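Worksheet: the structure to be examined is printed underneath.
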Amino acid sequence: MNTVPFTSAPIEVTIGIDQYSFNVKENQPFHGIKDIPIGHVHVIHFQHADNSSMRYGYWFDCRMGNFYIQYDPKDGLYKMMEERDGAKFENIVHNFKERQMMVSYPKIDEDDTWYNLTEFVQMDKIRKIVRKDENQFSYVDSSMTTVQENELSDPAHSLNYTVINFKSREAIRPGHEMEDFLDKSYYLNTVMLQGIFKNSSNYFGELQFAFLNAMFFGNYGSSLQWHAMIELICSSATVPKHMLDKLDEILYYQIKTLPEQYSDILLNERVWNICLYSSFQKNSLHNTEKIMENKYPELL
Amino acid sequence: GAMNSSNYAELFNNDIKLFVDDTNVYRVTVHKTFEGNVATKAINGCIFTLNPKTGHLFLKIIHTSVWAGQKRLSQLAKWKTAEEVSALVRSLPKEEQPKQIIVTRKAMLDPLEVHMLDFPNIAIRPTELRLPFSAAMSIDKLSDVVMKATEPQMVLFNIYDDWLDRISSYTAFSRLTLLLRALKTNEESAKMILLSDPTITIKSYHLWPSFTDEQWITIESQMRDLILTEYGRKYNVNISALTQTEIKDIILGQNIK
Ligand SMILES: COc1ccccc1NC(C)(C)C(=O)O
């Protein structure tokens with residue numbers, strides 16, 4: 001288990017660590033999060049108590065370095081940094097642990113939730129969507145736009161999700177106009193999977209990452225990407241059986257985790273009714289259909 | 001965006017544009033089978049593609065053989081229409097290609113947009129006006145060429161005959177749509193109006209009779225009375241009681257989807 005220490009907590013803030021969250025009071029003796037499970041990416045995120053504008057946070061993997069948080073009073077936010085001095089870092093952590101100045105990552109042993117939400121997400125792929133190569137961790141916030149959003153404005157601060165557009169020359173073979181518009185299997189299997197993603201695990205990773213940025217930051221372009229990647233599969237007549245079974249599991253755990261009170265801004269009614277009730281795969285998503293109908297029957 | 005009454009003069013400006021109507025592409029008769037089931041029999045159809053400024057009509061005849069062995073024909077028909085419009089545009093010299101294509105039915109928007117992805121500067125637009133282009137098949141010379149075709153065929157017409165020598169394209173389009181609305185409303189009475197007088201004839205190279213300016217005013221009035229009469233017949237309204245402002249108001253409302 002690994003640790004992300006905090007230099008201090010000079011401003012009141014709600015801190016998120018994966019799907020958990022806790023409040024820290026202005027100048028309270030908080031020096032970080034311990035017992036972070038090794039084996040998964042994680043996200044530490046923030047929402048200032050005095051300015052809920054800009055949710056922001058950092059994706060990281062404790063196997064790739066020793067990271068800590070320090071408040072920057074000039075830029076007004078909590079920043080992740082890497083500590084290259086290994087012996088310094090261990091001694092800082094051990095002191096804060098001895099003084100019990102850290103919250104424990106509260107993982108119930110029955111609970112596979114975080115694994116289920118991040119099964120295909122890898123730090124290396126995050127670092128290609130979020131391009132800031134001098135850091136081993138990746139900053140995301142509420143307002144960052146996606147490449148696709150910008151096409152429809154600063155390019156260095158953008159989310160480089162794979163562009164999906166059903167009415168583009170990429171999606172539609174000349175001469176196969178009706179076929180490719182009504183059945184997205186070409187676009188899914190040849191363009192996206194064989195061409196761009198190389199395999200379904202990378203496709204699912206980006207899908208999972210998009211959901212988590214939508215949920216944790218309220219990032220609207222990420223919510224668009226998540227829905228686009230679902231629709232692309234559901235609107236394809238020919239999908240490998242293992243991808244459909246895994247998609248059902250992926251979506252089930254995303255719908256299970258979504259806060260009920262955010263359903264009206266995180267779920268697109270058109271896309272979900274289309275995917276569950278009219279698409280080619282309308283009958284291939286049993287677990288997702290059952291949780292959606294029992295938890296968000298209004299949306300349908 | 002969409003095309004309606006506010007930006008109506010745009011139809012007659014110098015940006016090339018085409019109306020596309022797919023209502024006569026897939027045409028069937030429904031009938032009983034020997035076993036008492038119901039079956040359809042297709043007949044030849046046509047794509048109606050019109051330049052409203054010039055009157056040039058590109059009539060693509062849709063031969064029934066194109067439906068042979070195909071499924072979901074009403075859906076295929078939209079995509080076949082979009083394919084043929086796209087092929088027409090590609091066949092035209094660059095300086096003749098349209099800047100806008102206006103579809104009479106909103107279901108043609110995605111099929112045409114997808115077929116025209118290669119032409120990102122051609123705007124594909126719907127229209128709120130109730131255009132009567134389905135009555136094209138009420139023009140005898142057009143119906144004849146469609147029903148006689150034994151193979152796919154494109155035929156070029158000027159649907160305004162020689163009217164533009166005498167009137168503006170705004171007026172010619174108004175005349176056209178009034179004639180076609182009358183023909184769709186009461187085809188028999190409309191054709192009676194147009195042909196009653198034997199001394200006015202249809203030139204071999206024309207679609208409509210050779211009316212003088214004054215006779216066209218008379219014909220146009222008779223067509224409006226025909227439509228108003230049908231309006232009265234349809235909704236059980238006493239048209240004689242109606243004021244001129246009320247009649248104008250009824251017409252404007254009846255010409256909007
Ligand atoms: C003056 O009435 C109209 C004016 C213009 C178009 C149509 C109508 N009425 C009928 C022919 C009944 C219709 O089909 O709506």
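Numbering starts fresh at 1 for the residues of each chain in the structure tokens, the chains themselves are lettered A, B, ... in the order given, and ligands are numbered from 1 as they appear.
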Identify, on the basis of only C-alpha atoms, every residue whose closest approach to residue 89 in chain B does not exceed 9 Å; exclude the query and any residue fewer than 6 positions from it along the same chain; express the result as a PyMOL selection string.
-> chain B and resi 96-98
Find the spatial neighbours of residue 43 in chain B, counting only C-alpha atoms, within a cut-off of 8 Å - ignore same-chain residues fewer than 5 positions away - and output them as a ChimeraX atom specification.
-> /B:26-29,63-64,147
Could the residues that lie within 12 Å of ligand 1, counting only C-alpha atoms and all ligand atoms, be listed as a PyMOL selection string?
-> chain B and resi 129-132+135+174+177-187+190+223-237+239+242+244+246-257
Keeping only C-alpha atoms, take the residues you just selected and write them out as a compact mmCIF listing (two decimals), in the first residue's frame.
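Ended up saving to again-v9.txt:
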# COMPACT_ATOMS: atom_id res chain seq x y z
CA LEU B 129 -43.45 25.25 -46.92
CA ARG B 130 -46.05 22.65 -47.98
CA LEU B 131 -44.75 22.21 -51.51
CA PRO B 132 -47.05 20.26 -53.88
CA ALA B 135 -48.45 16.23 -58.05
CA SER B 174 -45.81 30.92 -57.46
CA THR B 177 -46.97 25.76 -57.01
CA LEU B 178 -50.50 27.05 -57.51
CA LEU B 179 -50.96 24.75 -60.52
CA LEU B 180 -49.51 21.77 -58.67
CA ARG B 181 -51.51 22.41 -55.49
CA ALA B 182 -54.68 22.53 -57.65
CA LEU B 183 -53.72 19.29 -59.39
CA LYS B 184 -53.12 17.51 -56.13
CA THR B 185 -56.36 18.93 -54.64
CA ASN B 186 -58.75 18.15 -57.50
CA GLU B 187 -56.87 16.76 -60.46
CA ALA B 190 -57.67 21.30 -62.47
CA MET B 223 -57.19 27.52 -59.69
CA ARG B 224 -57.44 29.51 -56.45
CA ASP B 225 -61.25 29.15 -56.52
CA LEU B 226 -60.79 25.39 -57.08
CA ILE B 227 -58.54 25.08 -54.04
CA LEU B 228 -60.84 27.34 -51.95
CA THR B 229 -63.84 25.26 -53.04
CA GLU B 230 -62.10 22.04 -51.94
CA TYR B 231 -61.18 23.75 -48.62
CA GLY B 232 -64.96 24.44 -48.16
CA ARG B 233 -65.86 20.89 -49.18
CA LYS B 234 -63.26 19.39 -46.83
CA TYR B 235 -64.04 21.27 -43.60
CA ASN B 236 -67.79 21.92 -44.31
CA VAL B 237 -67.11 25.72 -44.48
CA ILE B 239 -66.66 29.89 -48.52
CA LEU B 242 -65.55 34.37 -46.11
CA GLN B 244 -60.88 38.44 -48.64
CA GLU B 246 -59.93 35.60 -44.14
CA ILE B 247 -59.31 33.81 -47.49
CA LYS B 248 -55.72 35.16 -47.65
CA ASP B 249 -55.17 34.04 -44.00
CA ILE B 250 -56.63 30.55 -44.71
CA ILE B 251 -54.27 30.15 -47.72
CA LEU B 252 -51.13 31.18 -45.74
CA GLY B 253 -52.05 28.67 -42.98
CA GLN B 254 -52.80 25.88 -45.52
CA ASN B 255 -49.41 26.38 -47.22
CA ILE B 256 -47.42 25.66 -43.97
CA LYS B 257 -46.63 22.09 -42.73
Find the residues in chain A near chain B: any atom within 8 Å counts, using only C-alpha atoms. Write them as a PyMOL selection string.
-> chain A and resi 167-169+172+177-178+181
Within 12 Å of residue 224 in chain A, counting only C-alpha atoms, which residues show up once you throw out same-chain ones fewer than 2 positions away? Write them as number ranges by chain, please.
-> A: 145-149, 159, 161-165, 207, 210-211, 213-215, 218-222, 226-231, 265-268, 271
May I have the residues within 9 Å of residue 41 in chain A as an mmCIF file with N, CA and C atoms, in the first residue's frame, using only C-alpha atoms and disregarding those fewer than 4 positions away in the same chain?
data_model
loop_
_atom_site.group_PDB
_atom_site.id
_atom_site.type_symbol
_atom_site.label_atom_id
_atom_site.label_comp_id
_atom_site.auth_asym_id
_atom_site.auth_seq_id
_atom_site.Cartn_x
_atom_site.Cartn_y
_atom_site.Cartn_z
ATOM 1 N N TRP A 59 -4.722 12.163 -11.923
ATOM 2 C CA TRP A 59 -4.627 10.729 -12.106
ATOM 3 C C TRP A 59 -3.174 10.308 -11.928
ATOM 4 N N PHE A 60 -2.954 9.240 -11.185
ATOM 5 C CA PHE A 60 -1.607 8.807 -10.852
ATOM 6 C C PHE A 60 -1.590 7.317 -10.557
ATOM 7 N N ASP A 61 -0.379 6.777 -10.477
ATOM 8 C CA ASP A 61 -0.146 5.360 -10.180
ATOM 9 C C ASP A 61 1.082 5.331 -9.282
ATOM 10 N N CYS A 62 0.907 4.903 -8.026
ATOM 11 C CA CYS A 62 1.963 4.964 -7.024
ATOM 12 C C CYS A 62 3.149 4.089 -7.375
ATOM 13 N N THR A 118 -12.068 0.595 -13.315
ATOM 14 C CA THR A 118 -10.781 0.928 -13.915
ATOM 15 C C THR A 118 -10.097 -0.283 -14.533
ATOM 16 N N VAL A 121 -8.175 0.743 -17.583
ATOM 17 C CA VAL A 121 -7.540 2.056 -17.597
ATOM 18 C C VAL A 121 -6.091 1.887 -17.162
ATOM 19 N N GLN A 122 -5.152 2.354 -17.992
ATOM 20 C CA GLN A 122 -3.730 2.315 -17.682
ATOM 21 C C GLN A 122 -3.145 3.719 -17.731
ATOM 22 N N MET A 123 -2.206 4.010 -16.831
ATOM 23 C CA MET A 123 -1.610 5.353 -16.786
ATOM 24 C C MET A 123 -1.009 5.759 -18.126
#
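Among the candidates B:154, B:92, B:18, B:145, the one nearest to residue 50 in chain B when counting only C-alpha atoms is B:18.
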Can you pull out every residue within 10 Å of residue 68 in chain A, counting only C-alpha atoms, but drop anything in the same chain fewer than 6 positions away, and send it as a list in words?
->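 Within the cut-off, the hits are residues 3, 4, 5, 6, 7, 31, 32, 33, 78, 79, 80, 81, 82, 83, 89 and 93 of chain A.
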Go ahead and save the residues from that selection, with C-alpha atoms, as a PDB file, in the first residue's frame.
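Result written to out37.pdb:
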ATOM      1  CA  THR A   3       0.776   7.042   0.434  1.00  0.00           C
ATOM      2  CA  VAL A   4       0.167  10.527  -0.940  1.00  0.00           C
ATOM      3  CA  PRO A   5       1.213  12.993   1.767  1.00  0.00           C
ATOM      4  CA  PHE A   6       0.114  16.620   1.910  1.00  0.00           C
ATOM      5  CA  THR A   7       2.440  19.454   2.887  1.00  0.00           C
ATOM      6  CA  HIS A  31      -1.278  15.458   5.936  1.00  0.00           C
ATOM      7  CA  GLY A  32      -2.627  13.038   3.326  1.00  0.00           C
ATOM      8  CA  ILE A  33      -4.004   9.639   2.364  1.00  0.00           C
ATOM      9  CA  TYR A  78      -3.589  21.978  -4.646  1.00  0.00           C
ATOM     10  CA  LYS A  79      -0.864  20.691  -6.972  1.00  0.00           C
ATOM     11  CA  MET A  80       0.593  17.218  -7.310  1.00  0.00           C
ATOM     12  CA  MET A  81       4.350  16.968  -7.358  1.00  0.00           C
ATOM     13  CA  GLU A  82       6.861  14.176  -7.528  1.00  0.00           C
ATOM     14  CA  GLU A  83       9.520  13.671  -4.896  1.00  0.00           C
ATOM     15  CA  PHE A  89       9.857  10.793   1.112  1.00  0.00           C
ATOM     16  CA  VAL A  93       5.427   9.574   5.325  1.00  0.00           C
TER      17      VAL A  93
END
So which bits of range 99-250 of chain B end up helix (DSSP H, G or I) when you DSSP the backbone, as a ChimeraX atom specification?
-> /B:106-115,133-138,140-148,163-165,169-185,187-195,213-235,239-241,244-250
Identify, on the basis of only C-alpha atoms, every residue whose closest approach to residue 107 in chain A does not exceed 12 Å; exclude the query and any residue fewer than 5 positions from it along the same chain; express the result as a count of residues only.
-> 14
Run DSSP on the backbone of this structure and report the residues of range 102-183 of chain B it assigns to strand (DSSP E), as an MDAnalysis selection string.
-> chainID B and resid 102:103 123:126 153:158
Within 9 Å of residue 20 in chain B, counting only C-alpha atoms, which residues qualify if same-chain residues fewer than 2 places away don't, as a VMD selection string?
-> chain B and resid 18 22 47 to 50 81 85 101 to 105 108
